[PDB]
Structure formats: C-alpha cells, structure tokens
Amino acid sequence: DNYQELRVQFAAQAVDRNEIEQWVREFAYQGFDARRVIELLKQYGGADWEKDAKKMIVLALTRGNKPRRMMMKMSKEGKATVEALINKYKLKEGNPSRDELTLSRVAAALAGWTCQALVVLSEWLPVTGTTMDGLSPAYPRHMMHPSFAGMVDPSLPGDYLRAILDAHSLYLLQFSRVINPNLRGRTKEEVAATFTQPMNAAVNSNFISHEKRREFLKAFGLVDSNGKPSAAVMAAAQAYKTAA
C-alpha cells in the first residue's frame, strides 16, 4: 500500500533503551567465546583438563600461539608433550572458529589463573617485568597479558576504569611492538588501534560477572575496597599518557 506512511508509522514506534542495548550486546564484536573454550577443554580433556590447561597457559605465555612452530624449536621431551596436546585438544593457530581451541583462547578463558601465573612467568615473557619496571616502577605483573582485559570490571567509576585500561595499555603497546616486527612504522595511536578492539570486547563481555571481575582486581592488589586503583596502576596509567 503506502510506503511513505509505513515509514512514518515506523518512526513513531518506541525507541526502547533496554531493548536496543540488549541487541548491541548480542551483536557486538566477540574475539573469542570463553564458555565454548572451557566446554571444549572439559570435553577433550576429561580428568586431565585442568593440569593440561595450566601447561597450555604456560606455553601461550612463554612461546606464543603457534603450536606447530614452537615444536620446531623445542626439546625432544617438550615437543612430545605439545604434540600430545595438539592431538588431544585439536589445537589450531590464529583465529579459527568458535568450535576450535587455541593456546591464546585457553589463556583468555581462564584469565583468573593466567594473570596470577604472570607473577611467576615475568622474566620469561616476550616483554619482561624488568623492562616494564623501566617504563613504570613496580608495574603490575597481573596486567602483562591480553588475557587481563577479561578481568576488568566495566562498571568501575569512569576514572578508575580508565586508569586500569591505560595502565594495561602501557604493556599492550610494548607487547604488540615486540610480537610484530611490522608496527615499526607505527605511532602509539596506530598500535592502540590494533589492540583496543580485542581489549574492549573482553572488557565488555558477559563472561565473569562485574562483581567477580572486581573481586579478582582486588585480590590481585590492583584496586582497593572502593575500586580505587593502587599506586602502581596510577603510575602506569600516567606513563601511558606520556608514552609514544
């Protein structure tokens, strides 16, 4: 019938904030699917899934996300362990489908442990805690993996949240440059453009509730009882502002 009238009638319909925001979340960029990662770990791993996941996290943090490549530069024993992990958990490189595991995904799905492991693994990461201390004193080790974004409570007060993300970004700037010998022709802003979408996706995901995320941030020593960031976090956020 009358198309102009239909458009006009359509414009007169409610602009429902609760409804729209639900769709935004449902349709938002998702870098990885944590619930599917953990389901697949439990599926492939049975009783061994927890111990194997810790190994895989150590592999992700100290060797990276390419299982077949790291095998080419590894001890005979280590290589056999990794081959057995690839075979058991059907591990892939890069960004495969939802139904496929990667080392990075295991690390991100279980970031509550990953971030703690970083306290131990500091001197073996692509960028060491020693280096980070040179940019910002007592740089929080818990922030030293892309996984950490899954620990950030997005409901923190505007300035606290910003401090946390800025402080984390200081690491992300260094890390991205080290793992990519191509971001040489890249400013701070240009490097950020490649890391903030996966960062923000994890910050805003529905995996681990806001309260549980903040509890982790508190237990890690990154915020106090009110969500105010620690001295170290404040220092690292300040360093990000003046970093290039």
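Just count from 1 along the sequence shown to find any residue number.
- Stretches 33-41 and 184-192 differ in mean C-alpha B factor, with the higher average recorded for 184-192.
- Here the stretch with the larger average CA B-factor, out of 143-151 and 156-164, is 156-164.
- Listed residues 56, 217, 178, 201 were ranked by CA B-factor as deposited; 178 comes out on top.
- The residue among 104, 95, 116, 75 whose C-alpha carries the highest B-factor in the deposited model is 95.
- In this PDB entry, residue 71 carries a Cα temperature factor that places it within the highest third of its chain's modelled residues.
- Residue 134: CA B factor lies in the highest third for its chain, per the PDB record.
- Sort the modelled residues of the chain by CA B factor and residue 85 lands in the middle third.
- Remark: residue 125 belongs to the middle third of its chain, ranked by C-alpha B-factor as recorded.
- In the deposited entry, the Cα temperature factor of residue 91 sits in the top third of values across the chain's modelled residues.
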